[PDB]
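Listed next as C-alpha cells is one chain, alone, in the form deposited in one PDB entry.
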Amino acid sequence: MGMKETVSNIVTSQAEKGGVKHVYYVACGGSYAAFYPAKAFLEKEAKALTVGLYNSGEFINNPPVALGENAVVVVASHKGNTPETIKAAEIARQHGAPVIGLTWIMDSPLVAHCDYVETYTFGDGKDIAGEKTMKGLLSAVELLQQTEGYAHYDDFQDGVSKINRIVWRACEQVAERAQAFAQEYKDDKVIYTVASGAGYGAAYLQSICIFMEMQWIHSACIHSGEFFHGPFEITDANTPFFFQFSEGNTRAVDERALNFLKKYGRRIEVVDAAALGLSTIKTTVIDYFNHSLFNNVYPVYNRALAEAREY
C-alpha cells in the first residue's frame, strides 16, 4: 500500500528525536501543483502536524527554521534531474530531516539524495490508484494515520480502490462532448479556469495546458470563492471559462460561482465530478479525489482541441 512501509520506517527512526511534527512538500512545475491535494489534506485533517508546500527554488533559498529532525520532506521530480529539487533533498538531509523522493526514473541523480524512493504509474494505461498525485496524498494519509490517527482511513482506502474505474469510465463518457468542445473553442486564444478546494491544483495545471495549446496569454486560474470579492473577469474580450465543478465540501462554493457566470451569459465548459461518477466515494474523503479525476479527464478535451487545430 502506497507509502505505508516508508512512513513506518520514518516514524520509527524519528521517535527518539521527538517524532514527526512537520511535513514539507517541495517541487517545481507540474510536481508542485500535484502536491496541493496533500497540503489540503493535512490542513483539513491534522491537529499535530504542520504542512508546507514549497517551490524548490524558494525552499532552498529560504528554508523554514522547523526544518530538522522533527520534519519530513517529500520531494518530487519526474525525471529526477531538477537541480533545485535535488538541492532541496540535500539541504533537508544536512538538517537531519528524512527525505522521501518521488520519481519515475529510479537511477536518477535525485535518488542519491533521498532516504527513501517511491515511484508511481505513468503514461499508457496508467492505474490512477498508483499515480504520482495519489502517492503524494498517500504520504499525507499515512503520516497522519501513523502519528495522530486518521478517523477516515478506511473510507480513504475505499476511495483509492474505486478511483481508477471512475476515471477511465469518465474518459469514455466525455469523448463526444470533447469533440464538440473542440469545435466551439478552436479559435479561442485565451480560456480561464475556475476551481476551489483540494482539486484546485488540477485547474492550475489545466491553465498551463490551455496556454501550451493556444500559445497566446497565460491567463488566471480563478478561485471560485474570489469572484464576489474582486473585479469580475467579464470584459469585452469575451474570454470563456473552463469550469471545474467539484464534489464535496467546496461544491457549494463552486455552485455559487457557476450560477453567477450563467447570469452573465458567459461561455462556460463545465466538467462536473458529480456527473462523472465520483459520488460513489464516501463524502468523508471525496474532496481529495477531485484532482485525480479532473487531471486525468482534461486530456480528452485537450487532445480533441489540438486535433481541431515538467510533470
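Only residues modelled in both forms are compared. Numbering starts at 1 and runs along the sequence shown. Heads up, when I say rigid core I mean the largest set of C-alphas that superpose within 1.5 Å between the two forms.
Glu233, though modelled here, lacks coordinates in at least a third of the other entries of this protein that were compared and that model residues flanking it. Per the record, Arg309 and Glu310 are separated by 10 or more deposited residues that are missing from the model. Looking at mean Cα B-factors across 166-174 and 185-193, the upper value is held by 185-193. Comparing 233-241 with 80-88, the higher mean C-alpha B-factor in the PDB entry belongs to 233-241. Of all the options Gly201, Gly159, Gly125, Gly136, the entry's greatest CA B-factor is assigned to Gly125. Of the candidates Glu131, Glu142, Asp155, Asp107, the deposited coordinates give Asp107 the top C-alpha B factor. In the PDB entry, a CA B factor belonging to the lowest third of its chain's modelled residues is recorded for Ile222. Annotation for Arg267: CA B-factor lies in the highest third of the chain's modelled residues.
Ranked by Cα temperature factor within the chain, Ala48 sits in the highest third according to the deposited record.
Ranked against the other modelled residues of its chain, the C-alpha B-factor of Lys21 as given in the entry falls in the middle third. Ranked by C-alpha B-factor against the other modelled residues of its chain, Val73 falls in the lowest third.
Although not depicted, the form deposited in another entry is the subject of the following passage.
Here the rigid core is superposed between this form and the one not shown, and of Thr82, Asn164, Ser108, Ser219 the C-alpha of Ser219 is the only one to shift by 2 Å or more. With the core held fixed between this form and the one not shown, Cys209 has its Cα displaced by at least 2 Å.
In the other entry, the Cα-Cα separation between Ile191 and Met214 grows by 3 Å or more relative to the displayed conformation. In summary, the C-alpha positions of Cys209 and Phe181 diverge in the other entry, ending up at least 3 angstroms farther from each other than in this conformation.
Core-superposed difference between this form and the one not shown: one segment of three or more residues with every CA shifted 2 Å or more, namely 209-219.
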